[PDB]
Every structure is written in structure tokens, then in C-alpha cells.
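Below, each chain spelled out in residue letters.
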Amino acid sequence: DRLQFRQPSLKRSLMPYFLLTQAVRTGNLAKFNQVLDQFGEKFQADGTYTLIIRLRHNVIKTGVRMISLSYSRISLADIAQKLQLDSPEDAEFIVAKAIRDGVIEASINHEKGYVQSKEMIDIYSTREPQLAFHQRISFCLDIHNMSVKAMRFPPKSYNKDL
Amino acid sequence: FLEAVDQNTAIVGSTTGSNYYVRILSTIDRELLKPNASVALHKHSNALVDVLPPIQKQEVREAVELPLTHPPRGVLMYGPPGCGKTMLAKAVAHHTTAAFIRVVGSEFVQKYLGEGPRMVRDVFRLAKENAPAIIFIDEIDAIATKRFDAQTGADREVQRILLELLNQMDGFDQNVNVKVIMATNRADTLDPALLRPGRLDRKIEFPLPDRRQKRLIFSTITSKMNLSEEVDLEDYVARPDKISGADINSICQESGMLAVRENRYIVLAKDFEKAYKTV
Amino acid sequence: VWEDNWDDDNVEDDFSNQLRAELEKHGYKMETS
Amino acid sequence: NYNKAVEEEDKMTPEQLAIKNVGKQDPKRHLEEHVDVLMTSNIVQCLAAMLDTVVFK
Amino acid sequence: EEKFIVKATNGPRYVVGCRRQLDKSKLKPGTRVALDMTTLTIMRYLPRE
Amino acid sequence: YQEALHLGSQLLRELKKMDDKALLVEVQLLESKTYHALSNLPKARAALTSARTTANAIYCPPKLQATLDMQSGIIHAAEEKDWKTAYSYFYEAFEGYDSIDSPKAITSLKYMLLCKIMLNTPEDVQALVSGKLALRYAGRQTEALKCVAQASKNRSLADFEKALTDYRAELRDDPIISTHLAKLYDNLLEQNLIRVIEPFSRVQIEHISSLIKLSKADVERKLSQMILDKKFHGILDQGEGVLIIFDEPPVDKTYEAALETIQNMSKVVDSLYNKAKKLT
Amino acid sequence: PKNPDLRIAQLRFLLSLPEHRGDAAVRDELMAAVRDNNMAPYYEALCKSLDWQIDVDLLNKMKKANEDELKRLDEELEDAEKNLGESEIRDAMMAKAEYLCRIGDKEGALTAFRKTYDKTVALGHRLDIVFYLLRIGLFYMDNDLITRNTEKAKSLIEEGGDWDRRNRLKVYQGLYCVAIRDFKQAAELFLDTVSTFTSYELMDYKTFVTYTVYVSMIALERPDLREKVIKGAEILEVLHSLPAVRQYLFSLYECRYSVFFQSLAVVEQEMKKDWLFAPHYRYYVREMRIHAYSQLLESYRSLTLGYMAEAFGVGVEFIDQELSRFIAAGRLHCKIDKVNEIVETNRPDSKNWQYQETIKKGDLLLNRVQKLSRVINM
Amino acid sequence: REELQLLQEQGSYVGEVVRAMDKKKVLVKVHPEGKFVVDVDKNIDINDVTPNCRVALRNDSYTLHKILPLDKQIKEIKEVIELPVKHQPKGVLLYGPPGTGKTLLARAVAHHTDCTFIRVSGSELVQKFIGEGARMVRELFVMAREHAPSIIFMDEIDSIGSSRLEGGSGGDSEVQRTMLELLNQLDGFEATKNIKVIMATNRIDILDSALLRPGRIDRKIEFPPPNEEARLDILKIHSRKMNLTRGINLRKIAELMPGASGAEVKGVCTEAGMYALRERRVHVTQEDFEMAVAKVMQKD
């Protein structure tokens, strides 16, 4: 939002877009869907409503991305009902699409109908550390090593004339 | 080490007294070029590697411990009848946990007139750098005697050192981590330059053999202990006018040491006259 | 410091729609929840 | 501890180096000593492969 | 603790090391010791009287 | 106690110059009493020192002299610096309150058994309650002290709670030293907790709380408070009750490394200031 | 200025926004408007006041009294001028600047405090002028104008810190440090509260303690409180003024949320409706809640919903979203466990993360030495 | 490593040449059991080596290397001191209580004038650093010629001990004669301006100075301790050091300090700061000065 700029122009220009530009983070479909068209005049009357008609379907993608930055495992009632989406199909499908990315890990379980999960997202601390930050040591020593070359060559470019 | 004549070359005095001229080594920086330092050469190469490293209690309390942590310095005392100078020096020495430099007032009277500023400069530099040392200078009457002749020039030299520290305390008036307490028995022979206001802001005075404080100390010394109607103070205050004495409170304590034998419950004139004739 | 204004604006602006204070409501939510 | 004991003065070096820039007064180099510290620190790197050979075979 | 300062009777002072045979028992200061002309090693101490 | 101490102090500012300084002993004694009521030790030591330099030449009746020693022992007993000197002040105070008032004597010996029971020695308590001298001043007050000494020599806790439960109707009017009594209760509690938990790395909470037959609420709160104080290595648990003890010896590594990084950041930034100054 | 018109005119914040408490503020504002020449402040803030029926009555008298006192100060200034003296002209122009601060005009007071700012014979009087600009800078809530004169007049003292002068500048440091969100450096400012006294100029002693109890109660941890305030006799003496502070201190240090949440509404209502302490009321709430959650969650590894719900006295549905928002947003501990409806964390932040605290300076330092490579040859 | 043989040389001695001989064989005074006469090395000349100086001599080659080594009073004093500066009086004196105003005035006006301050300071370290032997009054005028702005003031002799009139007439008449011939030089001729002297005496020797100066060349600025304004100005001097408020009246508090002398005001201030810090204030008030006046007048 507006943090480092203090002027009484962007405030009044941003007042109609403020409630919705903050409403994007929470990502409520049914309520904010009516809130937009309720008082929406200028930001939707800007023309052809292209980016906002794509935003109405982008609310669920920004919300599931907020879930990607949030807890990884998905429940059947708490977070599925919280996200206004009670469907074990696209839930496990999208979560699986987040597992195949490689940035996080998850699992699926079915005992009595509910989706269980061990939710062990413990960091690599005391869990294969050498393989964890081995490439970190090699890469950091390569960049710092070519930085050593970058502090050895300029002295040559200094003593080259004298 | 004696002196440094130029860069990368100096002279060095041997232990036997003979001065040696040896070029210093280039690795040693200029930090080891201190004139008064403990340099160490080699036995054969004669090269240096590194140097070796060489109301009274209320006024005293509020005048010492309050300006130390939170500020006039100096609690100069007086009074030849009482001994003093120990219960307050040890009282501050045990109440506050800091450094204490107790030295006799004639500690810088030696055969070398140049050693004075070195000794008082070392004591003052460890008192300003080591810890907030409370230096106790006692009996300044011996060093407070002026002189003009040249035969006794050592006393005039060490009193010129007394003026040197008299200026160094002017430099140590504000924002210094040191306390200079002082004690003496005779203030008549003291020069007015030492007792000048702004230097010793505390003139703490103790009671005296004077008859007013003797009568007040008799009344306050008979207020606490048990008394009787036979005890009279008129003869016991007129007789001390004929036979004069000091430390009468200690004589009353002796009367307590003669009536403490658990033989009589209430002390009377028998132990008073007995204490007068014995002690 | 504008660095803290991101979190203070995040939670402050996030609660601007509803349940802004919510501290006065706990006294009524103790007996009901 | 010695490295920090030199860096406490190396924090004061950019002032003089930012004022005079003419002539050198301190005979200390402050560089070859740290290079020697790195030489003493490279024993871990050189012996790490030794432990890798002892553990391996 | 390994190397200390000695004071010779003649007046000049020196510094010596520690010998592998002796220990730190008699090495403490305040005890008169003995030295050697070669390498200034320490054979044994010298009790005062 | 604020306006009384301030008005009394301003009264002292104009009464120290007035004659008959013996009257100042009462208002300075009450000054120390209200400084202890406000829990202020340094100013009670300064004003107490004023009472000493005032009562050094003044020799008022021992009605005020013994109270200076008793209140001095209370001030020294508030910080728990040395119990021997404070015990000497309560001893001289008891010598001052001897055979002059029954409540003042029973509270004088009560303060003696208090400052002496704080140092964990019940043998002298039995020696003082067995003598014929202090036996005539015994009563309902010394019974609670005999129960505290019995619980201290027996190393019991539920018995001490019984002494704090049955005798609370003479412990209801207890002075500010109640915090010190709770410090002794928490001291024996600390001894038992570091006694039974230390050999048990991981044990049931009821198997170790059964011997003490007390609830886990106060014990759990005191334990969690002591881990939050970081006096030892340990952590509590509610769902499973698992006790885990661990430590991190190499502390001097991350501190020196972090100091090297923070100190070198200023070096690189200053270098960028010299180059940024010499270039543009 | 130092007159009570700073506080009476300072209540305009609670006079403006809330309509319930806007009766007493206009009561003592309208009643106290005949004091300290309050014409210009309430005339400028007349939009948040009553109608113009009674407003135009006293304006004719205040506008002529202002001109009378102004021309009398000008006559005294002309009588003090063209004469040998330094303190007389400084007292004339300084008094004129004080009256111009009473009316609330920083133009003639700006050039007046600039002239007497240039006629400062000593640095102490210059710092007194700086304070004379700070007492009005609190009302004008300016940012840089109050830090410029203190940044320039801060160095080169050479006369030592006085009892209430340097301590007064420390109080100002408490003011601008409470206004800003800087706490780790403001937790050391109020240590000299022993030398403080009742100062009707800026803030009363009870208002200073009431204002510092928030930054000290929240901005400090348990060892910092036990060392600073619990060991000190200051709060032990001043706790008897209001019994609530003792409840909010022994309840927080005692970890009793049952009374803390029931009595926290007084902290919520009293936290706002203040001149300088209201706009930051959201940071103390969240920071104190995450501080208490880190306090109880620090010594507790696993926590069931029974002891937590009974301890805090609130429903599980609220703490669920609380921890849900404070794990990702707050970033206080590791992943939470919910397999058995029991909060169970691991927190491996000591062994490996204690060494990993330097990877941030390693990456930022890596970009900084990449910039160092950018400086090469260009 | 080439110098390692010079390290093996067992060091070198420190020679001190005392007498040079015309036969190119200069004798050098060395450590006892020394006194080794020898010719210097060929690369060093002989005439440059001056006797009575220490040199560097090797222990085996015996070759030489190189040579070795108050508004009421400033309103009146501005026309005396400040007249040759921004606007001639030969001297001025201020006799009275030696509390304040004798040195802080000379160093205060001399500090606002941006001129140096030179003392007499009759002792060692000044009869050798400034000249070897002379009348001890012309060399100070040569230093006063190189440094024209200067303020001379007698401070070490200003004491109440000179009240015998038998030995103090001659012993005091040494410095009185010193300023007699100094005023004879200033009255005789001058090469530069800003050359003035200030007298200071606390006892009858002021009247003796009136016998030596029968009202011919002198400035009279008297500081009486009974006078009131003489307590207002010196009380302002006592107020410039410590913190003082602006709403204080110095008239009555400056009038309620009678009796012994002007140092009683210094007793009021020094014994008043303990009540200023005792009252936990930042500055001393008039009521504090009144209570200090009581505390210093009840002892009399």
C-alpha cells in the first residue's frame, strides 16, 4: 500500500479502490463479488472491464497462493469451508500441483472419509544437512572465490602502469 | 631505555649502568619507543623483541559515596584531641568497594627531586585509569611548610610538586574518576592556597574539650543510662574546671567498666568518685 | 521507520473492514463462547 | 578475538583514511597478519579431505 | 607459566625457560633456584637459609 | 503513604535546623517505616543513616532506639544480604524490648525466629522455645513458628501448607514479610523440584506428583516460570507430559561470528562511501 | 508553550474525533479560552466548535488586548534597545516570543526565536531556546523541525548534564521516541526517572509514568523488567497511585490471562483518545498479544486446546485463526500440529538456526560484494 | 641478515667527546675504565664533532657515527583595558576579600579580549627558561614585545601573611620594587601597546603602595565588602558558574549578606549547592540562597 508517500492526491484517488485492494488479501468470493459491483463506478467503468473480470477469477488464485505461503496441508472442513470451496477433488489436485513444484512437500490420507496429514514440514535442521547446504557451500565458495579473483585482478590493473 | 635520538635508531641503558647504542629492529613499531619502559635486548644479538609491563559520618558518607556514583571532592577534617582518621577511612574502605590509596603525607620526600612527579604521576594515573581510587592523604602539615632558602630546596621542590597537583586537581575539578580525601591535625600552619574554596568544600568539625559540649555530652550521656537523685552534676562539672582532662566520655565508659561487675543495679557517686581517683 | 508500516498496515488495514478492535467483544464472547 | 581486536581499530581507520590520505604513520600492515590467520584457518579445509579419505577407505 | 624472569646475584637479570624433567611445583615464584651457563636451563632449586 | 512521606520530608527540611533534634527520631523512624512500606531500600538506607548520625549523639529512651535496630534488621532482611548482622540487629532490638511490652516482645522473638528461620537452622529455634526465659512469652504466635521450623527440619511441603492453612486466621495479620515466607516456601519447593525431577529425564507427571500429593496447577506454573527465568535446561508439556533436557555448548561461536559480520558490514559500507565519494 | 494552554489546547484531538467526550473538552476549552491568549488556536480550530453566536462576542476584546500587549512588548523592546546590555534585550525579545507562542503564531516567534537564537551568549541559553521550540513543536507535531535544533544543539555541551535540563531533554527523547516506533533504544531513556519531578510545562509525573508504562510493559521482556523496574523502587513507590497498574503488571508477569482479558478493555479504551499515543494503538495490541503468545509458548512445547481454552478463557475458533495468522504473518514459531487437536511445535531455532542467523548478512553481503564487483572498472 | 653481524657485535657504546686535539686524534670520555682516545672514521669529518656533547661510538672499531642530542567592575575596566583595544593607564589594583574577582576578572576580561595571560610566578623553571641572568624585568618585556597583547597580574604574593611590616617590607618590597621599575619602564618608553600590570594586595601593604604611589600614575577601582552593588556584581559572578533562574531578584538577597567579607557569598553558594541537589532541583533559587545565608550567619 501507500507507505512512504504522503500527499493528499493518491489518497482521494485511491479511496474507491482501497477497500477492494485490501479485500484481495482475504479473498472472499460471495461478499466481495457484490461489494465490487455495489459501489463500483470508475475502476470498473475504466473500459472493457478486462483486468477486473480476470481479477474476479484471480481471487481464488491469489487466495490459494496465500495458502501456498500459509500452511501446506489442506483439511476437509476447516480450511476447505474457510476458503468457501468444499471439493476434495480440486483441493487434492491443486495441492498435488504444489507438491510437484518441489518447493514444499505434503501427503494425502483417507481413513474414515476425512483427509489426514502428518504435516511434518520440519526444516532440514538435523535432517541430511550435508546434502542440504552442500550446494550452498560450493556455490557460496564459487561466488566468493570469483570475488577473490575480483579483488586480485584490480590490483594488477593498478600496478600495470607502474 | 633512556632516550630516542631519531627514527629507527635509539640508545639503551644496560643493567650495569653503561649506555648502549643499538639500532632497533624494523618489525617493532613506535609503540615500544616509550622513554620509561622495560626494554629487553638479547644476550648476544642485543636486539629487543618486546617490552615488559612494570554529623561526621553523614557528611563524610554523603560527601564521598554520593558524588562517586552521581560533586565536590575533599572531606578535610580537624581536631587534635581526638585520634580519628581511621574509623572513617576504614568505614569508607569497607562500605564502598573501590580502590583506596592510603599514603603518609611525606610519601614523595626523597633524595631525587625528579622522582616526585614520576611517583605522584604514577599514583594519579592508576587512580584515573585503574579504578576510582579514593586517595587518602594524611598529615599535610609536614609538606605545607613554606621555605625560601636553597639549602632545604628539597622541601620547596616537593611543595612545588604540591602546587603541581594543586593545579592537577583544578584540571580534575569536573568529570574525573577520582576522589581526593584529606586529613590533618593542625590547620594553622596550612597555607590558604590549599583551603581555598572550590577545592576542599567540606570543613567537617568534631566536638571538643570545650565545656559546652562537655555539659551537652554529660546530659546526653546520662539520658540513656539509668540515673538516680543522688547523682549531681554541679560538682562533677566544677571539678573538671580545676583538674582539666580530655576524652571524658571514655572516662564514663570506664565508670561503666567499673559498674558492669553485676554487683549494683544503679550506679551512684561511689563509682563516679572511684573512677575519678583510679582513672 | 517505514519498514514496520508494512505489517502495521497489513494487520491494521486487514482489520479495517470488520473486527477492527475486537477487544471489547471478548467480554461478551466469554460467556457465549 | 584477535581479528575483532584489530577490527575495532579498523572501524576507526576510514576516518583518518578519509581525512589525510597522505603518508603512513602506523608501521602495522594489518594485512599479512590476517593472511596468516587465514593460513592457520585453512588447516580445517586441507584436513577435511583427509577425514573424507579416512572415513571413505 | 612456562617462562619467567630470574634475578642473578651478580646484579644483571635474565630470563630462562622450563625443563622437561622438572614440574611447576618448585617453579612458583619466591623460591631461589639454580641455572646453567649453557642454554640457561634449570637443574634444581636452592633452599634459602 | 506518598503525601505523608513527602510532607514529612519537607517537614524535615525545615526541622533539621530547629533545636531539640530528639523529636526528629520519631518522624525519621516513621520515614523508614513508610520507605519499607513502599519497598525502597536505598532511600531507607540513606534516611536510616540519617537516623544513625542523629541518634549517635542523641540518647532518647530505648523506645525509639530498639525500633531503629529492628527496622534496620528488616531492611537488611528485605534484600537477604547477610543474616548474621540482621540477626544481631534483631538481637539488640529484643534486648531493647525486653520486659517492656508483651506484644512487642512476642513480635521481637517472632522476628528473631523469622530472620533465623530464613537461614534454615531450626536447632536454635528449638533452643529458644525450650528455654525458660522465652517460655513465659510464648503463645499462639510462636506455634506457627514451631510449625514452620518443624516443616523445615522435616523437609515437608504439605505440612507447611497445613501451617499456612490452619493458622491463617494468626497469619492473616502477617506483616510484609509474607513475601519472604513465600520465598521460603518457593525455596523448599525449588529444592524438592530439583530433587525429584533431576534424576527423572522423562517420567509421568502423576508418578512424580503423587509423592507430593499436590495439584499440577501451582507446580506447573512455578516450573514454567522457572524455565522462563532460564535457570536450568528443561521444558514442560501438557498433552503428552514429555520432559526434554538439552543444551547448546558452543555459544562463543555465533556471537563472535555475528560480531564479525556486523562489524565488517560497516567496513564494506564505508568502502562504498569512499569509492562513491571519489567517483561521483 | 509551558503554560497549561498546551494541554487545554492539546485536548483538541479528543475534542474533534469523538462526539461523546466533546463536552468537557469544550467546557474547559471555552472556559480556559480567556487564559494565555487562546484566541488564535480555537479560532483556527473553530470548525470543530459551536456556532458563531457567542464566538464573535469575545473576539473584539481579544483582538484589541493582543494588540495592546503586543505594542507594550514593542515599546519595552524599543526601550531595551540602543542600550548596553545582553540579558535585557534577550528577555524582551524572549518575552515577546513567549507571548507569540501564547497566541500560537510561529512566524513572529520563528523570527523572534531566530534573533534571540543568534543573540545566545552561551550554549545553555541556546538549548533553552531549543526547548522553547520543542514545547510548541509538540503541539505542532512537526517531525524535522524538532530534530534539527536538537541534532545541532545536542553536541558540544562541555558543561555536563544538569538535574532537570539534561533530564528534561531525556523526557523529550521519551516524547519523540514514543511517537516513533523505536523501542529498543527508547527502553533506556526512562532509567533516570528518579531525578524527574512534577513538571507542569509538558507532562505531569503521573502522565509520564502512565505513558512510559506501555513502552516499558510491552517493549521489555521478563529479565528486562526484573532487572530494571522490578528491582527498582520506582514502580514499587508509584504503584499505590492507581491499583490497576499493579494488576496489569502482576497479571502479565504472573501469566494470568483470565483477568488480563477481562480488564484489557480498560487498556484498549484508555490507549486511544490521546494526542500522541492514539495513532499507534494498533502496534501495542498486536505486539503485546504476540509477546504474550511467545511468552507462554516459549516454555511450552505442546499445548492442548483444553488447558489453552481454559487458561485464556476464549473459544477455540478464535485462537485457531489467531495462530493461523500469527504463524505465517507473525512468524513466531515453526509449523503447528493439529492431528490430535493439540498445538505441538518443535522450534529448532537454536542449534542450526543459531548458526544460520548470519545467512541473511551472507546473502545481503553477497549482493553488496557483487555491487563491489560493479564498481570495478566503472 | 647482513646486519646480523652488527647484532653479533655485542652492541656499541655511547661516547661523549669533551676535548678535541689538533693531531686528528680526538679523545672521547666514556664509561669508567674507558677514556679511549682514537681517530674517528674517514667518512666523518673532525671539525663538525663539537666537544661537550654525546656521540655514538662502537665498542670495537671506535668510530664516530653522528652527533647525539562584575558588571559594576567591567563597566569601569572596559575604559582601562579595552581602551587600547577597541577605543594610557599604567596600572590598576583591586583590594578586598580574596574570594572572587581578583583572578576571574583578569582572566575573564583577558579571555574576552583574546589576549594571553602572563604571571610573575617567582620560582624555579622561570629564571632559566626565560634568560639566564638579568634584572628579571626586561626579558618579560621582550616576551611582551613578541606577544603585544598581555595581562600581567600578581597572584602568588597576594596573601594575608604579609602583615609583620618588619620582614614583609623588604620581602614584599622585592616585588614592589619589581613593579616600581616596571612602571618606570612603562612610564619611560614603550615599543608596543597592550602592556599593562595589575596589583593585588589584601592588607596594610595597600597603604604602603599608596606611600610608594602618591597618586601619580594608577587607577583606583575599589571593591568594598560592605557595599551592596559590590555584592550584586560579585553575586552575578557567583551566578555565572552554577545554574540560576531568570525570575530571581539579586537586590535583597545581595543585601542580606553582611559581616566578615565577600567570601561569605562563596560560603552561601558552595553551602547552597548541597541544598539545591538536596532539594532535587536543577537550579538554585532565592529561598535556597536565603537558607544558605542563614546557615552561614548562624555560626557567626
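In the PDB archive, cryo-EM is given as the structure determination method for this entry, at a resolution of 8.8 Å.

### Digging into the overall build of chain D
When its secondary structure is counted, chain D shows three helices and zero strands. Put simply, chain D runs from its N terminus to its C terminus through helices and strands in the order α-α-α. In terms of C-alpha radius of gyration, chain D reaches 18 Å, well past the compact-globule figure of 10 Å for 57 residues. On the principal axes, the C-alpha backbone points of chain D span a range of 60 × 20 × 15 Å.

### Considerations on helix 11 (residues 205-218) of chain G
Residue and element names in this part refer to chain G. With 14 residues, helix 11 extends 20 Å between its outermost C-alpha atoms, agreeing within 8% with the 20 Å of an ideal straight helix rising 1.5 Å per residue. Its maximal kink placed at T212, helix 11 deviates by approximately 30°. All buried positions along helix 11 are accounted for by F208, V209, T212, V213, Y214, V215, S216, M217 and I218. In the core, the buried residues of helix 11 are packed alongside helix 10 (165-179), helix 12 (222-230), helix 13 (234-238), helix 14 (243-254), helix 16 (264-271) and helix 17 (281-298).

### Quick look at the pairing of strand 4 (residues 134-138) of chain B
Residues and elements named next belong to chain B. Buried residues dominate strand 4, accounting for five of its five residues. Pairing analysis gives five bridges linking strand 3 (residues 100-104) to strand 4, with the strands arranged parallel. From the neighbouring strand, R102 faces strand 4, where its bridge partner is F136. Traced from strand 3 through helix 3 (residues 115-129) to strand 4, the parallel crossover comes out right-handed. In this structure, strand 4 lies alongside strand 5 (residues 179-183), joined through five bridges in parallel fashion. Each bridged residue has a counterpart across the sheet, and for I134 the counterpart in strand 5 is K179.

### With respect to the sheet that holds strand 10 (residues 219-220) of chain H
All names here are of chain H. Strand order in the open sheet formed by five strands is 7-8-9-6-10, with parallel pairing between adjacent strands. Two strands lie at the open edges of the sheet, namely strand 7 (116-119) and strand 10, each paired on one side alone. In this sheet, strand 10 lies alongside strand 6 (residues 91-93) in parallel orientation, the contact comprising two bridges. Pairing of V92 across the sheet is with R219, part of strand 10.

### Here we look at the sheet that holds strand 5 of chain B
Strands belonging to one sheet form pairs held by backbone hydrogen bonds; the direction of such a pair is parallel or antiparallel. Residues and elements named next belong to chain B. Overall, parallel pairing links the three strands, which are arranged 3-4-5 in an open sheet. What marks the edges here is a single partner per strand, and that holds for strand 3 and strand 5. Sheet twist, expressed as the mean angle between neighbouring strand axes with direction ignored, is 20°. Sheet contacts for helix 1 (residues 56-69): strand 4 and strand 5; angle to strand 5, the most-contacted strand, approximately 170°. Along the sheet, helix 2 (residues 87-95) contacts strand 3 and strand 4; its crossing angle with strand 3, the most-contacted strand, is approximately 160°.

### Re the packing of aromatic side chains
Residue and element names in this part refer to chain G. Taken as a whole and judged by the stated rule, the model has 22 aromatic pairs over all chains. Between the aromatic rings of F183 and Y283, the centroid separation amounts to 5.8 Å while the plane-to-plane angle is 50°, which identifies the pairing as tilted. Here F183 is found in the loop between helix 10 and helix 11, whereas its partner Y283 is found in helix 17, with 100 residues between them in sequence. On the basis of relative accessibility, which here comes to 9%, the residue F183 falls in the buried class. Take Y283: its relative accessible area is 12%, and that puts it in the buried class. Judged by centre distance (6.1 Å) and plane angle (80°), the ring pair of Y257 and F260 falls under edge-to-face. On the criterion of helical spacing, the pair formed by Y257 and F260 is a turn pair, its members being three residues apart in helix 15 (residues 257-262).

### Brief notes about the interface of chain G and chain F
Listed by partner, the interface residues are 32 residues for chain G and 36 residues for chain F. A salt bridge links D237 of chain F to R301 of chain G; the nearest nitrogen and oxygen atoms lie 3.3 Å apart. Seen at the junction of chain G and chain F, the total is nine residue pairs in polar contact. Elements that contribute at least two residues to the side of chain G that touches chain F include exactly helix 13, helix 14, helix 17, strand 1 (302-304), strand 2 (342-344) and helix 20 (359-375) of chain G.

### Brief notes about the state of the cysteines
Residues and elements named next belong to chain F. As enumerated under the stated definition, the model contains zero disulfides over all chains in all. No disulfide involves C147; its sulfur sits 19 Å from the nearest other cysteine sulfur, which is in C115. Using a relative accessible area of 26% as the deciding quantity, one classes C147 as partly exposed.

### Brief notes about the interface of chain B and chain F
Taken together, the contacts link seven residues of chain B with twelve residues of chain F. For chain B, the biggest contributors to the area lost against chain F are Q58, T220 and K224 of chain B; these three give 65% of the whole. Where chain B meets chain F, there are zero salt bridges. At the level of elements, helix 1 and helix 5 (211-224) of chain B are the ones that each hand at least two residues to the side of chain B that touches chain F. Here the side of chain B that touches chain F is composed, by residue class, of one nonpolar, four polar and two charged.

Calculation criteria
- Residues numbered from 1 in each chain as written, not as in the entry; some residues may be left out.
- Chains lettered and ligands numbered in written order.
- Part of a larger assembly, values for the part shown.
- Heavy atoms only, no water.
- Helix = DSSP H or I, 4+ residues; strand = E, 2+ residues; numbered from the N terminus.
- Rg over C-alpha atoms; globule rule 2.2 N^0.38 Å.
- Expected span 1.5 Å × (residues − 1).
- Bend = angle between axes of the 7 residues up to and from the residue.
- Buried < 20%, exposed > 50% of the residue type's maximum accessible area, 1.4 Å probe, protein only.
- Contact = heavy atoms within 4.5 Å.
- Pairing = 2+ DSSP bridges.
- Right-handed = clockwise from strand over helix to strand, strands pointing away.
- Axes fitted to C-alpha atoms, helices over the stretch in contact; angles between N-to-C directions.
- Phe/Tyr/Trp six-rings, centres within 6.5 Å; stacked < 30°, edge-to-face > 60°.
- Salt bridge = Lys/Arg side-chain N within 4 Å of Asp/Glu carboxyl O.
- Polar contact = N/O pair within 3.5 Å; in protein donor to acceptor, adjacent residues only side chain to side chain.
- Disulfide = S-S within 2.5 Å.
- Buried area = accessible area lost by both parts, 1.4 Å probe.
- Nonpolar A, V, L, I, M, F, W, Y, C, P; charged D, E, K, R; others polar.

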